[PDB]
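Asks:
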Amino acid sequence: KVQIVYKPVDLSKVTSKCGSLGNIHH
Amino acid sequence: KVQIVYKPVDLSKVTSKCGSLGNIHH
Amino acid sequence: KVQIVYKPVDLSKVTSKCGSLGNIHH
Amino acid sequence: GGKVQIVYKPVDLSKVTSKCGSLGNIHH
Amino acid sequence: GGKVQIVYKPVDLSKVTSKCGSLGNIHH
Amino acid sequence: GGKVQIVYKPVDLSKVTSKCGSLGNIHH
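Rendered as structure tokens:
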């Protein structure tokens, strides 16, 4: 009996966060 | 009996964080 | 009986953090 | 008995790019 | 008895890039 | 008895790059 259970789990996340705040006056 | 359980778990995360704040006046 | 349990766990994280604050006046 | 022949040679040339540019308040 | 032949030679040329540029308040 | 032949020679030329540049308040 031949059993080839080929189940790859790919949970790799490629994230890119950016925030620009210009001239805060209070 | 041949059992080849090929299950790679890939949880590698490539992150890039940046924040720019210009001229804070209070 | 042949059992080849090929299960690599990849949790390697490549991070890059940066923050720029210009001219703070109070 | 079971004889298994596997020639597993993957060629992965995949490129994942995450480009981001933040621009706030520009004067001229 | 089970005889197994595996020739596992992966060629991984994959390139993951995370470029980020933060720019705030520019005067001219 | 089970005879196993494995020729596991991985060629990993993968390049992971995390470039970041922070720029705040520029005058001219």
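Top line first, the protein sequences correspond to chains E, D, F, B, A and C. All letters in the first sequence, in the order written, are residues 274, 306 to 330 by the deposited numbering. All letters in the second sequence, in the order written, are residues 274, 306 to 330 by the deposited numbering. All letters in the third sequence, in the order written, are residues 274, 306 to 330 by the deposited numbering. All letters in the fourth sequence, in the order written, are residues 272 to 274, 306 to 330 by the deposited numbering. All letters in the fifth sequence, in the order written, are residues 272 to 274, 306 to 330 by the deposited numbering. All letters in the sixth sequence, in the order written, are residues 272 to 274, 306 to 330 by the deposited numbering. Beta carbons: idealized from backbone N, C-alpha and C, even for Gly.
Find the residues of chain E that neighbour residue 318 of chain B, judging by a C-beta separation of less than 8 Å, and give them in chain order.
Replies: 318
Asks: Can you look up residue 310 of chain F in the DSSP assignment and give me helix, strand or coil?
Replies: strand
Asks: Output, in chain order, the set of chain B residues within a Cβ distance shorter than 8 Å of residue 306 of chain D.
Replies: 273 and 306
Asks: What residues of chain A sit near residue 325 of chain D, judged by a beta carbon separation below 8 Å?
Replies: 326
Asks: Identify the residues that DSSP records as bridge partners of residue 317 of chain C: which are they?
Replies: DSSP output for residue 317 of chain C lists A/317 as bridge partner(s).
Asks: So what's residue 323 of chain E in DSSP terms, helix, strand or just coil?
Replies: strand
Asks: Residue 330 of chain D by DSSP, collapsed to three states: which one?
Replies: coil
Asks: Between the beta-carbon of residue 316 of chain A and the beta-carbon of residue 321 of chain B, is there less than 8 Å?
Replies: no
Asks: Is residue 326 of chain D near residue 323 of chain E, with beta carbons less than 8 Å apart?
Replies: By the CB criterion at 8 Å, residue 326 of chain D and residue 323 of chain E fall outside the cutoff.
Asks: Using a threshold of 8 Å, state whether the C-beta atoms of residue 313 of chain E and residue 313 of chain D are closer than that.
Replies: It is a contact, given that the beta carbons lie within the stated cut-off.
Asks: Here's the rule: buried if 16 or more other CB atoms are within 10 angstroms of the residue's CB, otherwise exposed. What is residue 328 of chain E?
Replies: By the neighbour-count rule (16 or more Cβ atoms within 10 Å), residue 328 of chain E is not buried but exposed.
Asks: Mind reading off the beta-carbon distance from residue 274 of chain D to residue 311 of chain E? Whole number of angstroms is fine, and I expect it under 8 Å.
Replies: In fact, because the Cβ distance is near 19 Å, the residues do not count as touching under 8 Å.
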